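# A look at the structure
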Amino acid sequence: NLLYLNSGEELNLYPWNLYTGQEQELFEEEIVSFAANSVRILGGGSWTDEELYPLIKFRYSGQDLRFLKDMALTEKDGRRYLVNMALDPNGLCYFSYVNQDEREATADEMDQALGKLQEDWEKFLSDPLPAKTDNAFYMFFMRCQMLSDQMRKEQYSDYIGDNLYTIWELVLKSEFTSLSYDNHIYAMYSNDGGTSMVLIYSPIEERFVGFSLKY
Amino acid sequence: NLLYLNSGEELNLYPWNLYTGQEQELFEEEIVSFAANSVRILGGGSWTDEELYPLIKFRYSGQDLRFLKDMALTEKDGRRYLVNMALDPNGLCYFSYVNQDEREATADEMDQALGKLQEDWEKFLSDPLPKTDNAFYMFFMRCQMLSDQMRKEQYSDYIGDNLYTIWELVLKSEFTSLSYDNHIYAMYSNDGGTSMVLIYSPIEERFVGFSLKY
């Protein structure tokens, strides 16, 4: 039942479909600060601002997009990651934190991961504002909320807070569909009005390692 | 059951993932002749060479790819099409002929289309070398006619070898599918990394394109 995409298929999540490769490096400190904190809170690494700032190089598009493409990081224990991010006029619309050396999940692990995801989702639907957890939805929403709070506490620009309700509401009210691509499960949600999202689930880590949100 | 991709998902089939927009217009008469005939035989319109030749503007890539992107044609009855094609070193690796004014299939029509496809496939598996509304037979017969046409006029046949590969994939791989952009993408692949997609229109009840990657 889980659909896999084949080698002849490239799947680009919003807004990478708009990426041309002509975008121009542009340093904006509030975006850099937000991205450094996104790496720590959404991704989970320990790098400091002093280590990340020199590596966070956003590229600006005349479509009013900012892209951070394949920023390479190495954890203190040697794990290698690529971080991708993007901002559009509504804020943070894409984040992913992907371990480049993770093992390939077997067919059975993928199926089990999809089962866990379904179970976590049903628990979320029964209790979407719970009052601690290995529920992937709860963990991901709590990280998103912490990022927003972290930015507001520091009075820096909060590029995720305006999107939190929409993300929650999509998971709550949409049908959950999925496919497998590139050793991840893409959990897909959308509404009648054209808003859609993909949550990027790692079956190895048993958590969401990214998302794409398109209004 | 049938998976639909959502508005935040762009699916590029090989070799459009390699397209950069820096490719340079390059006229090669054997490619143009092959493409004109592909439009008439794979797509099915009646445009003459005089109408198509000035519009067939392939763009060349230093990766050894030739792309024809969004060529706009208007059929005799006013239907508007976009034609997309690409060639790589093994020949025609992408073709699509897409009516821009077709209506949106309903959920039920999509499901019925998927049913017809599955039935056509099982008939093909029972008789793969057999007049017909079988999508697989129609597509292969059109590919065959195109290959014969190219031999007849002694130009390069950019479809013949790939026709064999496609036939074999369809005969021997698992058939999986998803819905994207009002079409069904019928996906086939083998252990060695070769994969293909056949682009099925539920409105036309036929294959309107394909992508093949060795």
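Residues numbered from 1 in each chain as written, not as in the entry; some residues may be left out. Chains lettered and ligands numbered in written order. Heavy atoms only, no water. Residues with missing side-chain atoms left out of burial classes, pairs and counts.

The record lists X-ray crystallography as the method behind this PDB entry and 2.1000 Å as its resolution.

Its PDB title, taken directly from the record, is "Crystal structure of a protein with unknown function (CLOLEP_02462) from Clostridium leptum DSM 753 at 2.10 A resolution".

### A closer look at the overall build of chain B
Scanning chain B from terminus to terminus reveals 5 helices and 10 strands. The C-alpha radius of gyration of chain B comes to 17 Å, within 12% of the 17 Å expected for a compact globule of 214 residues. A principal-axis box enclosing the C-alpha atoms of chain B has dimensions of 45 × 35 × 35 Å. (Helix = DSSP H or I, 4+ residues; strand = E, 2+ residues; numbered from the N terminus. Rg over C-alpha atoms; globule rule 2.2 N^0.38 Å.)

### Details of helix 1 (residues 29–43) of chain B
All names here are of chain B. Compared with the 21 Å implied by 1.5 Å per residue over 15 residues, the 20 Å span of helix 1 between its first and last C-alpha is a close match. Restricting attention to buried positions, one finds in helix 1 the residues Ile 31, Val 32, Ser 33, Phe 34, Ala 35, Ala 36, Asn 37, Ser 38, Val 39, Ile 41, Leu 42 and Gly 43. Along its buried surface, helix 1 packs onto helix 2 (49–52), strand 4 (65–74), strand 5 (80–88), strand 6 (91–99), helix 4 (135–152) and strand 10 (206–213). Backbone geometry just after helix 1 places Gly 44 at a positive phi near 115 degrees. (Expected span 1.5 Å × (residues − 1). Buried < 20%, exposed > 50% of the residue type's maximum accessible area, 1.4 Å probe, protein only. Contact = heavy atoms within 4.5 Å.)

### Examining the state of the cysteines
All names here are of chain B. Applying the stated criterion to the full structure yields 0 disulfides over all chains. Residue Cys 143 stays outside any disulfide, its sulfur separated by 13 Å from that of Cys 93, the closest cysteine. Classification of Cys 143 as buried rests on a relative accessible area of 0%. (Disulfide = S-S within 2.5 Å.)

### Considerations on the environment of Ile 159 of chain B
Examined against the element boundaries, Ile 159 of chain B turns out to sit in the loop between helix 4 and helix 5 (160–172). Along the backbone, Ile 159 of chain B and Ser 147 of chain B are 12 residues apart, and their C-alpha atoms lie at a distance of 5.9 Å.

### What to know about the packing of helix 1 (residues 29–43) of chain A against helix 4 (residues 136–153) of chain A
Residue and element names in this part refer to chain A. The geometry of helix 1 relative to helix 4 is characterised by a closest axis approach of 9 Å and an angle of 145 degrees between their N-to-C directions. Of the two possible hands of crossing, helix 1 and helix 4 adopt the one that is right-handed. Along its contact with helix 1, which presents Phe 34, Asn 37, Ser 38, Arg 40, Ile 41 and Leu 42, the element helix 4 presents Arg 143, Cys 144, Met 146, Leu 147, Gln 150 and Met 151. (Axes fitted to C-alpha atoms, helices over the stretch in contact; angles between N-to-C directions. Left-handed = near helix turned anticlockwise from the far one by under 90°.)

### Some remarks on the environment of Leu 2 of chain B
Residue and element names in this part refer to chain B. As for its position among the elements, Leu 2 is in the segment before strand 1 (9–13). We classify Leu 2 as buried; its relative accessible area is 10%. Put simply, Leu 2 and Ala 107 are 105 residues apart on the chain and 9.2 Å apart in space, counted from C-alpha to C-alpha. Look past the residues within four positions of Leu 2 in its chain and what remains in contact with it is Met 110, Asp 111, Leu 114, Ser 177, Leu 178, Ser 179 and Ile 184.

### A word on the sheet that holds strand 10 of chain B
Residue and element names in this part refer to chain B. In space, the 9 strands of this open sheet follow the order 2-3-4-5-6-10-9-8-7, with antiparallel pairing throughout. Looking at strand neighbours, the two that pair on one side only are strand 2 (24–25) and strand 7 (176–180), the edges of this open sheet. Two elements, strand 2 and strand 3 (residues 59–61), share 2 bridges in a ladder whose sense is antiparallel. Across the sheet, residue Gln 24 finds its bridge partner in strand 3, namely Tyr 60. Its contacts with the sheet put helix 4 on strand 8 (183–189), strand 9 (195–201) and strand 10, and the angle it makes with strand 10 is roughly 65 degrees. Along the sheet face, helix 5 touches strand 6, strand 8, strand 9 and strand 10 and points at about 100 degrees away from the line of strand 10. (Pairing = 2+ DSSP bridges.)

### Digging into the pattern of salt bridges
The final tally for this structure, using the stated rule, is 24 salt bridges over all chains. Notably, a salt bridge pairs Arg 40 of chain B with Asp 49 of chain B, separated by 2.8 Å at the nearest N-O pair. On the basis of relative accessibility, which here comes to 22%, the residue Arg 40 of chain B falls in the partly exposed class. According to the relative accessible area criterion, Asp 49 of chain B is partly exposed, its value standing at 30%. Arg 79 of chain B is the salt-bridge partner of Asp 77 of chain B, the closest N and O atoms lying 3.0 Å from each other. Assessed through its relative accessible area of 54%, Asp 77 of chain B is described here as exposed. Residue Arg 79 of chain B is classed as partly exposed on the basis of its relative accessible area of 33%. Within the structure, one salt-bridge network assembled from shared partners comprises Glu 28, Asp 64 and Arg 66 of chain A. (Salt bridge = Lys/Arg side-chain N within 4 Å of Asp/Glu carboxyl O.)

### With respect to the packing of helix 3 (residues 107–126) of chain B against helix 5 of chain B
Residues and elements named next belong to chain B. Running from N to C, helix 3 and helix 5 point in directions that differ by 105 degrees, and their axes come no closer than 9 Å. Classed by the angle they form, the pair helix 3 and helix 5 counts as roughly perpendicular. On helix 5, the residues that touch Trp 121, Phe 124 and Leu 125 of helix 3 are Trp 167, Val 170 and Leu 171. Looking at the contact of helix 3 with helix 5 residue by residue, the class counts come to 6 nonpolar, no polar and no charged. (Parallel < 35°, antiparallel > 145°, perpendicular 65-115°, else oblique. Nonpolar A, V, L, I, M, F, W, Y, C, P; charged D, E, K, R; others polar.)

### Side note on the interface of chain A and chain B
Listed per partner, the contact involves 25 residues of chain A and 25 residues of chain B. Both sides of the chain A and chain B interface together cover about 1,800 Å² of buried area, and 50% of this is carbon and sulfur. For the pair chain A and chain B, the number of links is 0 salt bridges. Going through the elements one at a time, strand 1 (9–13), strand 7 (177–181), strand 8 (184–190), strand 9 (196–202) and strand 10 (207–214) of chain A are the ones with two or more residues in the side of chain A that touches chain B. For the side of chain A that touches chain B, the leading source of residues is strand 1 of chain A, giving 5 residues. A class-by-class count of the residues in the side of chain A that touches chain B yields 10 nonpolar, 12 polar and 3 charged. The pairing of strand 1 of chain A with strand 1 of chain B spans 5 bridges and is antiparallel. (Buried area = accessible area lost by both parts, 1.4 Å probe.)

### Side note on the packing of aromatic side chains
Residues and elements named next belong to chain A. Under the criterion given, the structure shown has 42 aromatic pairs over all chains. On the numbers, 6.3 Å between centres and 85 degrees between planes, the contact of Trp 47 with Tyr 81 is edge-to-face. Of this pair, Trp 47 sits in the loop between helix 1 and helix 2 (49–52) while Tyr 81 sits in strand 5 (residues 80–88), placing them 34 residues apart in sequence. We classify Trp 47 as buried; its relative accessible area is 8%. The class for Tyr 81 is buried, based on a relative accessible area of 4%. With a centroid separation of 4.3 Å and 20 degrees between ring planes, the pair formed by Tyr 81 and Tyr 97 is classed as stacked. With a gap of 16 residues between them, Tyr 81 in strand 5 and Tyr 97 in strand 6 (residues 91–99) connect regions that are remote in the sequence. We note that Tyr 81, like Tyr 97, is buried. (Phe/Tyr/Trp six-rings, centres within 6.5 Å; stacked < 30°, edge-to-face > 60°.)

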